[PDB]
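Taking the form deposited in one PDB entry, here's one chain by itself in C-alpha cells.
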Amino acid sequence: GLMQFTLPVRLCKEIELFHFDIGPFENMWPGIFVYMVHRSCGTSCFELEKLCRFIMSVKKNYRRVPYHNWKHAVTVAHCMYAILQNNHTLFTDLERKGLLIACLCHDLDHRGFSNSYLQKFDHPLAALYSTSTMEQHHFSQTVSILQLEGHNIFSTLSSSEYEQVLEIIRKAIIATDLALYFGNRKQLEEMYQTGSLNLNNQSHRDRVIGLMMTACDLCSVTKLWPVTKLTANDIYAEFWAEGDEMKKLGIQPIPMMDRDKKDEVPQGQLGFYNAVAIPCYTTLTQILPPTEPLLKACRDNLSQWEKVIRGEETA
C-alpha cells in the first residue's frame, strides 16, 4: 500500500491534460493506467497484484487491429480519468472504480468490424444479440476475465456493491454503441434546456455516464492536430478493410468504407465532426462545464479538416 507509482516529469504533468498522448511504448501503458486508478480512486480501492493480473489478461484479449486495439483502450481510459479529476465531487466511489475499468474493457476482443458487418455476414454473435452486438460481446469478455482465478479486483465489495459496480460497467459498455448515442444526447439536451436534468435520478446519471463514454471513445478527435491526423489513418484502415469484406459478400459499401473513395475522407470527417463529435462535446460541456477543453480541441480539429479541403494543408 506504500508503493506510489510515479511517472517521469513531462508525463506526470501532461497526463492531467485532456489531450495527453500515451506514447509509443506499449510497456508503460499498464503503469500509466495504475497511476490513473491510484490518483482517481485511491491506493486502497484495488489490490495491486490482482489489478496487474487483470490489466495483462485484458491486454491479451485485445487484438492486433489498426485502431480498436490495446492503445485505444488505454487512450479512452485516460480521457475518462481526465473527466473524473476535473469533476472531483460529482461521482461516487463505485462509479470512479467501475468507469475506469469500463473504459479499459470497452472494446475487448474487437476484430475491426461494425455491428452492421456481423449482421450481413450472419456472424453467430448476431444470433446471440440482435442489438449492440459487439458491445454485449465486450461486456461478456469483461465478465470472463473478472472470473478467472486471482482476477476478481472487486473481491472486497459486498454482494450489493459488486452488482451495482457490474451494472455501471454493463450500461457503460453498451453506451459505446454509437447507434444509441444519438437518442441519448437528444434526451439530455432536452432535459438540460427544460431544467429537469437531476443527478439524484439514477435514470439521469446513467444517461450522463453514457455521454461521458461516447466522449471518451471519440477523444482521438480532441487531441493536438498531428495525433488526430495520424489516428484517422488507423481509423480508415479498419473502415477500408470492412468495405473490402462488404464487397466480398456482394454489397457496395458506403463511401466512408470504400478505399477507392479516399478523395472524400476530409469531407467525410467534416460530416462526422458536425453530425457527431461537436454535438457530443457541446452537450457534455453544458452538463459538466470543466470538460470544455474537449469541446475547444474538437473545434480546432474541425477547423484543421476545413484547411485540408481548401488545399492550405495536405494529408
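Just count from 1 along the sequence shown to find any residue number. Think of the rigid core as the biggest set of C-alphas that the two forms share within 1.5 Å after superposition.
key: Entry-level comparison of average CA B-factors, 254-262 and 23-31, reporting the higher stretch   = Comparing averages over the C-alpha atoms only gives 254-262.
query = Looking at the deposited entry, does 119-127 or 187-195 carry the larger mean Cα B-factor?
reply = Mean B over CA atoms: larger for 187-195.
inquiry  = According to the Cα B-factor stored in this entry, which of the following is highest: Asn274, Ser57, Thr43, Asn69?
reply    = Out of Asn274, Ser57, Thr43, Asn69, the record gives the largest C-alpha B-factor to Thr43.
task = Check the PDB entry and point out which of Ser158, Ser114, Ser220, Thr176 has the largest C-alpha temperature factor.
result = The C-alpha B-factor peaks, among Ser158, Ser114, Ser220, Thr176, at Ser158.
task = Please rank the C-alpha B-factors of the chain's modelled residues and tell me whether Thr75 sits in the lowest, middle or highest third.
result = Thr75: CA B-factor falls in the lowest third of its chain.
task = Quick one: classify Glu167 as lowest, middle or highest third of the chain based on its Cα B-factor.
result = It falls in the middle third of the chain.
Within-chain third of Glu16 by Cα B-factor, per the entry = Within its chain, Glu16 is a lowest-third residue by C-alpha B-factor, going by the deposited values.
Chain thirds of CA B-factor: placement of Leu90 = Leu90: CA B-factor falls in the highest third of its chain.
key: Chain-relative CA temperature factor third for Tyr181   = Answer is middle: the recorded C-alpha B-factor places it there.
Although not depicted, the form deposited in another entry is the subject of the following passage.
Flagged residue of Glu47, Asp258, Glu264, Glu26 - C-alpha shift reaching 2 Å or more between the shown form and the other one, core superposed = Of all the options, the C-alpha that shifts by at least 2 Å belongs to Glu26.
ask   = On a core-based superposition, does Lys248 travel 2 Å or more at its Cα between the shown form and the other one?
value = Yes: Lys248 shifts by at least 2 Å between the shown form and the other one.
ask   = Taking the rigid core as reference, does the Cα of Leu7 move 2 Å or more between the shown form and the other one?
value = Shift of 2 Å or more: yes.
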